[PDB]
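Novice: Shown below is the structure under consideration.
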Amino acid sequence: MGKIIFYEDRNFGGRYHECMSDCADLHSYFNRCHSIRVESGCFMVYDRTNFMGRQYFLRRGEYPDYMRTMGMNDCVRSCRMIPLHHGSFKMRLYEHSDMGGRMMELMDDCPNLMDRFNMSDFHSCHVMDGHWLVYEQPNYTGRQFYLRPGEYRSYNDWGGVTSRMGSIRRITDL
């Protein structure tokens, strides 16, 4: 399993909060958080309520500071827990919205999609299972998007607007 504790003070002090389940409302718990602590498993945090806004993926570890190191202006307002639920890992990509354009299959880590499919703008995608992190820029950098199981058909699916995806990481390491 996995557990995450949020701390208001930077030295892991001040108002503390222990979270171990999804939460589409962190403001009701705290309006600011300078320190976060993950003891085990992975935690998905959102800068907006209901799993929206700047999304950040945290893995088992202690985060002593994440306001200037992440480039934000407040704490997270939402979050989702990621349990050991990983059946199969495979991302089905489609160059056009829905499932049109060219279909590319991705079952591993894609640090340079430009060199792999010679295309950096796909308007559709789908996840067979597991958890996939998408990066607007290569080398796993840029606006990261958390795509989970289900089908994506446009920028309004992974909560994006453009399609400039250059890097992708397959969460496969606890």
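Chains: A, B, ... in order of the structure tokens. Residues: from 1 per chain. Ligands: from 1, in order shown.
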Skipping near chain neighbours, those fewer than 4 positions away, what residues fall within 9 Å of residue A:167 using only C-alpha atoms, listed as a list in words?
Specialist: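 Selected residues are residues 109, 110, 111, 112, 113, 114, 120, 133, 134, 135, 136, 137, 138, 139, 140, 141 and 142 of chain A.
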Novice: DSSP on the backbone: which residues in stretch 4-92 of chain A end up as strand (DSSP E or B)? Give the answer as number ranges by chain.
Specialist: A: 4-7, 16-19, 23, 35-48, 52-63, 78-82, 91-92
Novice: For those residues, write C-alpha atoms to a file as a PDB file, in the first residue's frame.
Specialist:
ATOM      1  CA  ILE A   4       1.307  10.376   2.444  1.00  0.00           C
ATOM      2  CA  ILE A   5       1.396  13.053   5.169  1.00  0.00           C
ATOM      3  CA  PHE A   6       1.217  16.797   4.396  1.00  0.00           C
ATOM      4  CA  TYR A   7       2.954  19.294   6.744  1.00  0.00           C
ATOM      5  CA  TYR A  16       0.169  18.007   9.874  1.00  0.00           C
ATOM      6  CA  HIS A  17      -2.341  15.960   7.855  1.00  0.00           C
ATOM      7  CA  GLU A  18      -2.245  12.195   7.133  1.00  0.00           C
ATOM      8  CA  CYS A  19      -3.894  11.154   3.827  1.00  0.00           C
ATOM      9  CA  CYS A  23      -9.500  13.558  -1.913  1.00  0.00           C
ATOM     10  CA  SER A  35       6.198  20.165   3.073  1.00  0.00           C
ATOM     11  CA  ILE A  36       4.862  16.781   1.901  1.00  0.00           C
ATOM     12  CA  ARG A  37       5.938  13.273   2.987  1.00  0.00           C
ATOM     13  CA  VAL A  38       5.322   9.988   1.134  1.00  0.00           C
ATOM     14  CA  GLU A  39       6.317   6.952   3.186  1.00  0.00           C
ATOM     15  CA  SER A  40       5.487   4.389   0.496  1.00  0.00           C
ATOM     16  CA  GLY A  41       3.652   3.904  -2.808  1.00  0.00           C
ATOM     17  CA  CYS A  42       2.888   6.818  -5.145  1.00  0.00           C
ATOM     18  CA  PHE A  43       0.620   9.869  -4.729  1.00  0.00           C
ATOM     19  CA  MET A  44      -0.900  12.066  -7.445  1.00  0.00           C
ATOM     20  CA  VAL A  45      -1.529  15.649  -6.265  1.00  0.00           C
ATOM     21  CA  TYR A  46      -3.484  18.359  -8.093  1.00  0.00           C
ATOM     22  CA  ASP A  47      -3.210  22.163  -7.830  1.00  0.00           C
ATOM     23  CA  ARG A  48      -7.009  22.362  -8.256  1.00  0.00           C
ATOM     24  CA  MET A  52      -7.472  19.268 -11.915  1.00  0.00           C
ATOM     25  CA  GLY A  53      -4.915  22.116 -12.279  1.00  0.00           C
ATOM     26  CA  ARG A  54      -1.133  21.607 -12.236  1.00  0.00           C
ATOM     27  CA  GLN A  55      -0.778  17.848 -11.626  1.00  0.00           C
ATOM     28  CA  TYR A  56       2.378  16.556  -9.889  1.00  0.00           C
ATOM     29  CA  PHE A  57       3.415  12.903  -9.492  1.00  0.00           C
ATOM     30  CA  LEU A  58       5.159  12.157  -6.166  1.00  0.00           C
ATOM     31  CA  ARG A  59       6.809   8.757  -5.477  1.00  0.00           C
ATOM     32  CA  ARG A  60       7.729   7.140  -2.134  1.00  0.00           C
ATOM     33  CA  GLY A  61      10.037   9.780  -0.624  1.00  0.00           C
ATOM     34  CA  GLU A  62      10.193  12.841   1.651  1.00  0.00           C
ATOM     35  CA  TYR A  63       9.635  16.276   0.065  1.00  0.00           C
ATOM     36  CA  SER A  78      -6.947  17.872  -4.726  1.00  0.00           C
ATOM     37  CA  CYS A  79      -5.202  14.485  -4.951  1.00  0.00           C
ATOM     38  CA  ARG A  80      -5.681  10.833  -5.957  1.00  0.00           C
ATOM     39  CA  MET A  81      -4.052   7.715  -4.451  1.00  0.00           C
ATOM     40  CA  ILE A  82      -2.437   5.124  -6.746  1.00  0.00           C
ATOM     41  CA  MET A  91      -0.659   3.073 -24.439  1.00  0.00           C
ATOM     42  CA  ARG A  92      -2.636   3.110 -27.709  1.00  0.00           C
TER      43      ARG A  92
END
Novice: Quick one: pick out all alpha helix (DSSP H) residues within stretch 41-161 of chain A from a backbone DSSP run and write them as JSON, numbers by chain.
Specialist: {"A": [113, 114, 115, 116]}
Novice: Nearest to residue A:13 among A:94, A:83, A:64, A:132, with distances taken over only C-alpha atoms: which residue is it?
Specialist: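 Of all the options, A:64 lies closest to residue A:13.
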Novice: Mind giving me the straight-line distance from atom CA of residue A:90 to atom CA of residue A:103 in Å, one decimal?
Specialist: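 If I compute the distance from atom CA of residue A:90 to atom CA of residue A:103, I get 12.7 Å.
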Novice: Please identify all polymer residues within 9 Å of residue A:67, counting only C-alpha atoms, omitting same-chain residues fewer than 6 positions from it, and present them as a PyMOL selection string.
Specialist: chain A and resi 33-35+73-75
Novice: So that I have them on file, write out the residues from the current selection with N, CA and C atoms, as a PDB file, in the first residue's frame.
Specialist:
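Just written: part.pdb:
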ATOM      1  N   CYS A  33       0.551  24.332   2.114  1.00  0.00           N
ATOM      2  CA  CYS A  33       1.396  23.176   2.530  1.00  0.00           C
ATOM      3  C   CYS A  33       2.798  23.375   1.938  1.00  0.00           C
ATOM      4  N   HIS A  34       3.771  23.564   2.791  1.00  0.00           N
ATOM      5  CA  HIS A  34       5.169  23.776   2.305  1.00  0.00           C
ATOM      6  C   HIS A  34       5.938  22.454   2.328  1.00  0.00           C
ATOM      7  N   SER A  35       5.454  21.461   3.034  1.00  0.00           N
ATOM      8  CA  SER A  35       6.198  20.165   3.073  1.00  0.00           C
ATOM      9  C   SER A  35       5.248  18.988   2.857  1.00  0.00           C
ATOM     10  N   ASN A  73       2.212  28.424  -6.403  1.00  0.00           N
ATOM     11  CA  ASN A  73       1.930  29.582  -5.502  1.00  0.00           C
ATOM     12  C   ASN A  73       0.836  29.195  -4.504  1.00  0.00           C
ATOM     13  N   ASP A  74       1.047  28.134  -3.764  1.00  0.00           N
ATOM     14  CA  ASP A  74       0.048  27.657  -2.764  1.00  0.00           C
ATOM     15  C   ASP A  74       0.206  26.146  -2.655  1.00  0.00           C
ATOM     16  N   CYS A  75      -0.706  25.496  -1.999  1.00  0.00           N
ATOM     17  CA  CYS A  75      -0.614  24.017  -1.870  1.00  0.00           C
ATOM     18  C   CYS A  75      -1.480  23.351  -2.938  1.00  0.00           C
TER      19      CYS A  75
END
